[PDB]
């Protein structure tokens, strides 16, 4: 039988707990992931995509709920900045409801595991390099259901904000970071 682990951009299994750049499949759609200070936030707590196609963005830790060395693709994962802005209490991304829909943010406090272990990579068929969509998993009730995708919403200021999308899910390739 098969675990079907996540594969990085260079064909190597993704290491659980390892740090990767989250880059667009399409070269022209921007660079890696970073942060921005939006709305009334006191500091950069909004997770966004760099507009710089040359930027690999920040190194992101990818951790599953398991101890395994690798990550089964059906595994829930948490995603965090290896080097978060100083004002975030931890590196981990979380999803916050809003008038216009759920958005991806950092937090000024430490959150429970059930608020950060809310993502899952979904392999994109019809592709040579391993490309993944990024799902958000809301509470089913006693569990979670991964039935929404993360996409990009460009705000009035140009920020390419990561938010729950309904029509154009982003597609990433995971490139191993410095070491």
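Numbering follows the first chain given and starts at 1.
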Entry-level comparison of average CA B-factors, 142-150 and 115-123, reporting the higher stretch: 142-150
Mean Cα B-factor comparison, 37-45 or 56-64, giving the higher one as deposited: 37-45
Within-chain third of residue 82 by Cα B-factor, per the entry: middle
Residue 103 CA temperature factor, ranked by third within the chain: middle
Where the record places residue 95 (Cα B-factor, split into thirds across the chain): middle
Entry-reported Cα temperature factor of residue 10, expressed as the chain third it lands in: middle
